[PDB]
Amino acid sequence: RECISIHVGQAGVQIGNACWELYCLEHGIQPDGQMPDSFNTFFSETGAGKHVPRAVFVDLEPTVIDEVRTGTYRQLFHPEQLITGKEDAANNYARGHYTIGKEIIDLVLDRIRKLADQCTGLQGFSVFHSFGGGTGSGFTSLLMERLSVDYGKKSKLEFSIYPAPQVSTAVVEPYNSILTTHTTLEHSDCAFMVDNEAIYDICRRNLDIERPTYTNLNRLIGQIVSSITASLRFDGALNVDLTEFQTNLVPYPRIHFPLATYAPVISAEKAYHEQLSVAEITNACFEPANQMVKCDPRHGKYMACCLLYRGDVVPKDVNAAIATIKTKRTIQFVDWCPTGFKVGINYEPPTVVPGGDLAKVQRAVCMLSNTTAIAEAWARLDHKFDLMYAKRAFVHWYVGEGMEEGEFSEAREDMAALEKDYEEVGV
Amino acid sequence: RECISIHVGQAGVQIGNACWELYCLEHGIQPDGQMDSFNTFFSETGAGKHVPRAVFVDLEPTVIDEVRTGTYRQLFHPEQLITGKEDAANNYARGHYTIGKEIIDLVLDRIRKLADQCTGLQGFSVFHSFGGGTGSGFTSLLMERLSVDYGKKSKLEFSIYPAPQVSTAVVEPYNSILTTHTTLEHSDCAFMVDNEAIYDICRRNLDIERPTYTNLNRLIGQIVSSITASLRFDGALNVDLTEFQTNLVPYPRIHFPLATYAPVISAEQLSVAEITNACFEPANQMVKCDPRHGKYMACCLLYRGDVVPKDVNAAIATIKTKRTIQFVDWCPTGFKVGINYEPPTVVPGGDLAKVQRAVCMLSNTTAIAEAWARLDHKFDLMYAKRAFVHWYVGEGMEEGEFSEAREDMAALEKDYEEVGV
Amino acid sequence: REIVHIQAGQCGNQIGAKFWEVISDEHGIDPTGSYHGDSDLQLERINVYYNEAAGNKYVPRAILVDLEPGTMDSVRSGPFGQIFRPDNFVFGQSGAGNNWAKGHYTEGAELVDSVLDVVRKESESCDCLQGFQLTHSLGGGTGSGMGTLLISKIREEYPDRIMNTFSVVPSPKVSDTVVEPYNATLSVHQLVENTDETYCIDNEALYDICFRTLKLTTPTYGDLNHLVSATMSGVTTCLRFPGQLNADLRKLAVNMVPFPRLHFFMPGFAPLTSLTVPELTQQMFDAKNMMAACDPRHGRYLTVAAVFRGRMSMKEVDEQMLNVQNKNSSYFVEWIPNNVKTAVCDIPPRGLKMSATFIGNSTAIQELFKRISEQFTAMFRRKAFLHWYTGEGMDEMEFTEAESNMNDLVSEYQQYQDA
Amino acid sequence: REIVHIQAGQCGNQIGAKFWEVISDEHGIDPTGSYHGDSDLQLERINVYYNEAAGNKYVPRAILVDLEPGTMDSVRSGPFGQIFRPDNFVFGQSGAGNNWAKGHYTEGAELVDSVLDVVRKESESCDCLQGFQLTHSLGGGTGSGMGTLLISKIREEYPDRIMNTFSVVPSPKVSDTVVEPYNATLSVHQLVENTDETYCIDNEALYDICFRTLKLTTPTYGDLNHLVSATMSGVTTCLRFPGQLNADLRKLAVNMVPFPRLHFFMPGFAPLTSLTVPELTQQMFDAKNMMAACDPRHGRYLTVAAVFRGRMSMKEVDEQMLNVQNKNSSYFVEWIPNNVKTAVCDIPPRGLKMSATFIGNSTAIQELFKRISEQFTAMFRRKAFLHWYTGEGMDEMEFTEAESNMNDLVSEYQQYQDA
Amino acid sequence: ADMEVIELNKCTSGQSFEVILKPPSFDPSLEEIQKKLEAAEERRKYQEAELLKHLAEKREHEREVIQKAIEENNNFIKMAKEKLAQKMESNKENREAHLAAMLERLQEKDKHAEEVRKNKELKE
Ligand SMILES: Nc1nc2c(ncn2[C@@H]2O[C@H](COP(=O)(O)OP(=O)(O)OP(=O)(O)O)[C@@H](O)[C@H]2O)c(=O)[nH]1
Ligand SMILES: Nc1nc2c(ncn2[C@@H]2O[C@H](COP(=O)(O)OP(=O)(O)OP(=O)(O)O)[C@@H](O)[C@H]2O)c(=O)[nH]1
Ligand SMILES: COc1cc2c(c(OC)c1OC)-c1ccc(OC)c(=O)cc1[C@@H](NC(=O)CS)CC2
Ligand SMILES: COc1cc2c(c(OC)c1OC)-c1ccc(OC)c(=O)cc1[C@@H](NC(=O)CS)CC2
Ligand SMILES: Nc1nc2c(ncn2[C@@H]2O[C@H](COP(=O)(O)OP(=O)(O)O)[C@@H](O)[C@H]2O)c(=O)[nH]1
Ligand SMILES: Nc1nc2c(ncn2[C@@H]2O[C@H](COP(=O)(O)OP(=O)(O)O)[C@@H](O)[C@H]2O)c(=O)[nH]1
Ligand SMILES: [Mg+2]
Ligand SMILES: [Mg+2]
Ligand SMILES: [Mg+2]
């Protein structure tokens, strides 16, 4: 039925800031308020005009949220769904999860419950946050723990941002990622990882931008997310229910992180070109250069594939495209699991931002796969962490806020385990 | 901030008489009265006059009387000139006990009358003879008591070490040893001036067959000027006493730095490199001896006049290449260089000429102890027979105080030698 | 979020004075007056370094401290003399020192409270206080002794916020006192304990840059400060200017200092004296261009942080910045991943069309501590000029206790040239 | 600072009378009148030897004592007879003596008070009294006996100030009495105890100088006094004249007498009778030219003091003065350092273009004491003329007690020809 | 290739259908735990309550230094103020005694003359 979005910390905020804008454009809601159920999934028809989101934005410093209460969309939200916190997260889980968090948790927790109160039978939360990064790791982890206390069943879907050297990280980043992903794991149902290097990469090979901005990256991520939710905003089979999301992608409680691949990304200017064939975009879906987490599944195995189409598309083709997508390709499905392909088509065409860098497209695909090769990213992170921890590199800052040296072991200890589970699923 | 000068006894008085005159000429104060910076040493009194922060004391009038006679008569206050009718007699025992006691309270109180118009005084510069009646006696007593009334405040003495030719007195060595003992635990840093060294410089340089006091004093005047200068002008070399001494004395044992004046040349331009070169030359010292023998444990260069550091450097470089560096084991290679742009003015009818630039060099060497020996020997050898001791026992001194004092000089001479590598 | 600036002791005061008038003209501020300059940015984070008072006026959040008038009245009747808030100056009057003891006990303690209670009014005035930064010399005493004291008293009243300092470490050439090594060692120990980050400006390095590489014979205290002053603007740029980072100054700490013992940074500047990019990097990573007498070669870098300046393409920067830690990839500790971060800002400094500055946490700094500890134990051997301190109240073993702490600092930096 | 002059007993009175008229013409003073003479100096320290009265007038600070009128009225109707203050003369009237006893007990004591009470007036009139000097003979009694008494009574009323005497020690040739040795010994003892310095003018020496080196056959008391009189001016010069020394007369004592036992000086003069410099020194250091019958050869010098006179270059004096204690460097005790001091003054004496005088504390003086103690124990053996004293009240053992003290003085001087 | 697809659901603006390709071939978050969180407060408040009880420690050694200083000085004055005074008492007593012994001997070889002139009264 209903559906709350939570955006915590800079990355979280700004990402949602850009996908709440694609949402509006998709459902035609002029910023201020109304349009001249279906999409009630995400908005609450407030007042006798306005349309307002079911979202909450939290950051531990103003700055980011302040720019939201400034630029148009200023009117779009309620002042109360925008929580801000004066003192910064400092860049270490330990602060966000303990010291600085505690102080703002009770105010957030209560407001998201103020939103869930006008929802006859809520469904769950979609949460957006950074992997490394101050409050993104810290506060998130704490939110989720307590969200599990106040909302027993209700599912939790996280949209995490896996950090990458070039789109500037922070030295301590790997600690933070490992740290959150530990506590946070036994509490999420299914999570969508997004490698910043992958998106930086797509913006280069495709949009052709020498220096990709955040505002450039986010727009693209916006689209992937839109395509992910979509299903449950327009209502029309395949993932029309948060439950049905995990039921289709995660076979194991170990919160599995599906690998997302977006269809045709092509720059305006190239806009008035040729419409890409239904067969072709599917064909571009089984292509590493177009993933969302840098790695490669021609290596590992697949244990649940999903195709989410959008626009002008009849199944008749989607079929013949699948047929030929198997013939001269790396099928490599895993031992005890069908050959999934829960196909979903959502006739509603892919709208894109007006001054954007991508053009309108006749039809687009999404493909959410749960492969074993996604663990190649859990490795890349562990190594960084392991190698720094080999000398207590920056640990003292965390012990400083009040953490145990033990929680560092105990967390990497899980990541050692997960990487084992992942590999263990192979044939 | 402020700075009191005290001149006790003949030598003390006359020396100051001549460097208070070089002071005036340096700061241009027409004797009569008038013309901060210049304030370190003078108190702007009345709505005209400039007057020194000094006190002159002697136990007979004579000397002081000539001061209240010759021009400069107006320059001081009548009070700052204390005089005492009965002489010191030439024996510490009198100056420190018998005849002193009587005038100490009156001096002590007047110098405090001077220090009262001084928002945050600094210390005293005291000029006195080594052997010599009240120079040894009274001085010693003054310093004891100054330490009682002025806790912290530093004491800088300018002592005159006696020498056979510019007439001494048979008993001189007793007196010197005597004062330098009591006086030692109470001074912070002292500048010794060998009368033989100055007699010597006036011969090799000024070319005077018979050097007068008035001839010697003029020269000493200059050395002293260059020493103080820094803290009179002001923002230059050795600012606020303390940082002056903190620079020369490494050990509480009052260390007596060795002074060497730059170019002394008679009236009727020397290179920056050359005068520095003349500074490491025994024939130009202030205490006859030689440091090519002992070691250096803190060197200081105090320039005056037209000088850029660019040269002072290249002069030092070459001053070490073909020379006896000989610095001591545990101490850098000092050379706190200080330049004081203000040119070296000299007395008008004087024997030395105006000079473009002059150097000062204050070094604390171990070889300065060669003078502490030359004195001990004289003393030791006379005391070997109680030579004149009875005159001291006569005023009321103990034969023990003679032992107890030489006893320290035995110790000092040990310490000095002990600092060697 | 907002920082106060303490500036104490002849060197500190002179150093900072140039800092102030240098950033003030960057932001476009008159001796008193406000803005004037067709730029617009400037003002965003002007907040950070300027509490602003009556009418237009800008007045820096600065406290001025010393134990002798002179040096202060040098500023007042000087560059941007009128800029500072009058009762923000804290005179000393009494004897200076040039002896630590005096400044950290006797003549020091005397003032402390009257300063502490002026930093207290600036701080509590701040909307959200970030921390303090202080400038002072480690040699001499009216700032190396009072300074190390001021800070020991800031933590205690502000454990909370972080402590930042720019400290000029002294050398045997271009020095006024024989005792400097005593004063230096005595502070180094203090710095280690109560500060989060300390920038080392070595004067030996400084002199070397003017004469060894800039034909400047007699190096004034002037063209020497010009170096420090330019470097200091470079180091802060990111917290006073754009909207790229933002710089919590805490984020800067948590990310530059891997190990508690406040690790001391050696800074470096690009073009100099009173520029292709590959040409700029090659220079900013050269020993011949560090602000501390060291030589990153004789030691690995723990973490490095560089900040460029001027209209230039980051495409080239990111490329050249990778090309340094490659032709030199052995000198970047490999147990800390992306340990070298670069920031670019596009508002040129004084003159200069292009500019870069560099912050480095390098174990080669060990070399500097070793050389001051060399003249220290070389003097404290046969207890040198020590009686100057004994006298002001200090104990003999408070020297050994400092020397001992300091050598460990060397024995730790030398421990992390590991694997 | 200021000295009074007692002058007692025929010899003393005559001796001093020439002294007075000799210095008076040096200073340019009339029989009464004041100054007259184109010189200007003179008057500085005229203070020292002349209390000045009504109008101009100069009147010497002199007390005249005797035990028989004659000798006094010899002065009054004589040289500068009018010069002395009238009630400053103290007549005796009664028997003279020429026997110590009479002058130190019976006829002596009788007067003492009336003299003492006049020295008391002169002294207490003095602005700052330096001490007394007395002239008298050791042989005979009206001054050798009253004198030694007068002084025994000055100390007691004046322990304070110092006692100076010029005493003529008598000889077997040119003598009026067989008893002189008794009178001499009896005083020598007294002098030893209550005086700080005593100059010995030996009459044996004196006679020798006139006949043995001056072709003068019958030596009057006249040309003989001329020697003593000239010597006495030479010895005092430095206290009555310049501004080179000043001479506290106590300074003179503290510096000439190493040992308490008042050591007796033998004086010597340069040119004589009634001069190149090397020629002047060679003479002033010659036995043949000492004022006491001795011979510095048979004994070392403890300390020596020489005072030149007249326009001559000190350059030469200091040179020659070193050249004496070199060609004779064995005769200057080496346990007392710079033990020979020389003073030069430029106001010539009577006649003489050049002049020098000499003061010597020499162990050879022993020779003199020995020779009077030789005729003493040579008479007191079989108790000679002794009954002349026994009778005036003296005790037999007061002679042995004197003799004993005296021989020690010899046994002490002879002790210091040590090493 | 040879697929056969089954179709679960046909909406208004959608259509979902699964396509099986080949036979697979096989066979309490706990509330109470905010005490974990408020264990960190009482460990951080410790860290700081330390480097504070450990800082006011330095503080009262600064009082001690300013103190051994002023008291260092005192014991130079009130020890060498009475080193002078009880030595210029050694002095008065010594000379006064030297000058009193010098009259003692003098007033007696005086009161002997008087007593042996009174011998010339019985004698002559
Ligand atoms: N894709 C994307 N990544 C971002 C964005 N902003 C920050 N990041 C990334 O997020 C990580 C840092 O997380 P932050 O959001 O800045 O951390 P935070 O504590 O939540 O935010 P602050 O409280 O402002 O420090 C790094 O990995 C960055 O690359 C963004 O707008 N888009
Ligand atoms: N350089 C220098 N030395 C002097 C001067 N006057 C005296 N002396 C020396 O000082 C020492 C004697 O000291 P005095 O000043 O005479 O002794 P005083 O007791 O202080 O003075 P008086 O009371 O006059 O005895 C000897 O070393 C002399 O050579 C002088 O004017 N200049
Ligand atoms: C009466 O006037 C005289 C007074 C004095 C001295 C003296 O002999 C030269 C006199 O002439 C007879 C005198 C004496 C003795 C010394 O030692 C032998 C001496 O060093 C020094 C002196 C004289 N002083 C000096 O030579 C001082 S530089 C002062 C005392
Ligand atoms: C004062 O402003 C600065 C503040 C900071 C940084 C910095 O670069 C040195 C600054 O410039 C001086 C900074 C530092 C260093 C890092 O590690 C070496 C890092 O990863 C990261 C940073 C900065 N953060 C980032 O670069 C993430 S984009 C934030 C902290
Ligand atoms: N670079 C820089 N260093 C200075 C300056 N002035 C002094 N110093 C150094 O700092 C040390 C002493 O500092 P100083 O300010 O004189 O001591 P203070 O009384 O504590 O302020 C000296 O050794 C100098 O090398 C300055 O103007 N700039
Ligand atoms: N040179 C000097 N000696 C004299 C003179 N008169 C006497 N004498 C010597 O002094 C001794 C005693 O002198 P005199 O005056 O008769 O004794 P008086 O009774 O004390 O005055 C004699 O033995 C002579 O040797 C004199 O005129 N001049
Ligand atoms: Mg953060
Ligand atoms: Mg004297
Ligand atoms: Mg200074």
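By the numbers in Swiss-Prot, the shown part of chain C spans 2-275, 284-428.
If you check the header, you will see the structure was determined by X-ray crystallography, 3.6 Å.
Keep in mind that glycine also has a Cβ here, set from the backbone N, Cα and C atoms.
Taken verbatim from Swiss-Prot:
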type: BINDING; residues: C:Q11, C:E69, C:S138, C:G142, C:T143, C:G144, C:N204, C:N226; note: GTP binding site
type: BINDING; residues: C:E69; note: Mg(2+) binding site
type: CROSSLNK; residues: C:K58; note: ubiquitin cross-link
type: CROSSLNK; residues: C:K324; note: ubiquitin cross-link
type: MOD_RES; residues: C:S40; note: phosphoserine
type: MOD_RES; residues: C:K58; note: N6-succinyllysine
type: MOD_RES; residues: C:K58; note: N6-acetyllysine
type: MOD_RES; residues: C:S172; note: phosphoserine
type: MOD_RES; residues: C:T285; note: phosphothreonine
type: MOD_RES; residues: C:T290; note: phosphothreonine
type: MOD_RES; residues: C:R318; note: omega-N-methylarginine
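Structure with Swiss-Prot features highlighted.
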residue: C:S40; record: phosphoserine; CB count, 10 Å: 12
residue: C:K58; record: ubiquitin cross-link; CB count, 10 Å: 15
residue: C:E69; record: GTP binding site; CB count, 10 Å: 20
residue: C:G142; record: GTP binding site; CB count, 10 Å: 32
residue: C:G144; record: GTP binding site; CB count, 10 Å: 35
residue: C:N204; record: GTP binding site; CB count, 10 Å: 27
residue: C:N226; record: GTP binding site; CB count, 10 Å: 21
residue: C:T285; record: phosphothreonine; CB count, 10 Å: 11
residue: C:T290; record: phosphothreonine; CB count, 10 Å: 23
residue: C:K324; record: ubiquitin cross-link; CB count, 10 Å: 9
Legend entry - Distance in Å spanning the most remote Cα pair of C:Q11, C:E69, C:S138, C:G142, C:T143, C:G144, C:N204, C:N226, given for GTP: 23
Legend entry - Neighbourhood of C:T143 (GTP binding site) by C-beta distance under 8 A, where only residues 6 or more apart in the same chain count: C:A9, C:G10, C:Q11, C:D67, C:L68, C:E69, C:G93, C:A97, C:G98, C:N99, C:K103, C:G104
Inset, instruction - Between C:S275 and C:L284 this deposited model leaves 8 residues unbuilt; compute the CA-CA distance across that break and give it in Å as an integer. - result: 17
Legend entry - Around the Cβ of C:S172 (phosphoserine), the count of other Cβ atoms that are within 10 Å: 22
Legend entry - C:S138 (GTP binding site): tally of other CB atoms within 10 A of its CB: 27
Inset, instruction - Indicate whether C:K324 (ubiquitin cross-link) is helix, strand or coil by DSSP. - result: helix
Inset, instruction - Compare the C-alpha of C:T285 (phosphothreonine) with the C-alpha of each of the recorded positions C:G142, C:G144, C:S172, and give the closest one. - result: C:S172
Inset, instruction - Name the secondary structure element type, per DSSP in three states, that contains C:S138 (GTP binding site). - result: strand
Inset, instruction - Would you kindly give the Cα-Cα distance separating C:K58 (ubiquitin cross-link) and C:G144 (GTP binding site), rounded to the nearest Å? - result: 29
Legend entry - Listed recorded positions adjacent to ligand 5, that is, members of C:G144, C:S172, C:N204 whose C-beta is under 6 A away: C:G144, C:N204
Inset, instruction - Using Cβ atoms and a cut-off of under 8 Å, determine which of the recorded positions C:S138, C:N204, C:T290, C:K324 neighbour chain A, and list them by sequence position, or give 'none'. - result: C:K324
Inset, instruction - May I ask which residues of the same chain, at least 6 positions away in sequence, place their Cβ under 8 angstroms from the Cβ of the residue listed as 'omega-N-methylarginine'? - result: C:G235, C:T238, C:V353, C:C354, C:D355, C:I356, C:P357, C:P358, C:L361, C:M363, C:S364, C:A365, C:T366
Inset, instruction - Return the member of C:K58, C:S172, C:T290 nearest to C:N226 (GTP binding site) in space, with distance defined Cα to Cα and candidates limited to these recorded positions. - result: C:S172
Legend entry - Neighbour count (Cβ, 10 Å) for C:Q11 (GTP binding site): 23
Legend entry - Separation of alpha carbons, C:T290 (phosphothreonine) and C:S172 (phosphoserine) (Å): 28
Legend entry - Residues among the recorded positions C:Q11, C:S40, C:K58, C:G144 that border ligand 9 - Cβ under 6 angstroms, in sequence order: C:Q11
Inset, instruction - For C:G142 (GTP binding site), identify the closest of the recorded positions C:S40, C:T290, C:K324, judging by Cα separation. - result: C:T290
Inset, instruction - Write down the Cα-Cα distance for C:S40 (phosphoserine) and C:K58 (ubiquitin cross-link), rounded and given in Å. - result: 18
Legend entry - Rounded distance in angstrom between the Cα atoms of C:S138 (GTP binding site) and C:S40 (phosphoserine): 35
Legend entry - C:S40 (phosphoserine) to C:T290 (phosphothreonine) - Cα separation in whole Å: 28
Legend entry - Distance, C:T290 (phosphothreonine) to C:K324 (ubiquitin cross-link) (CA atoms, angstrom): 14
Legend entry - Rounded distance in angstrom between the Cα atoms of C:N204 (GTP binding site) and C:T290 (phosphothreonine): 23
Inset, instruction - Name the secondary structure element type, per DSSP in three states, that contains the residue listed as 'omega-N-methylarginine'. - result: strand
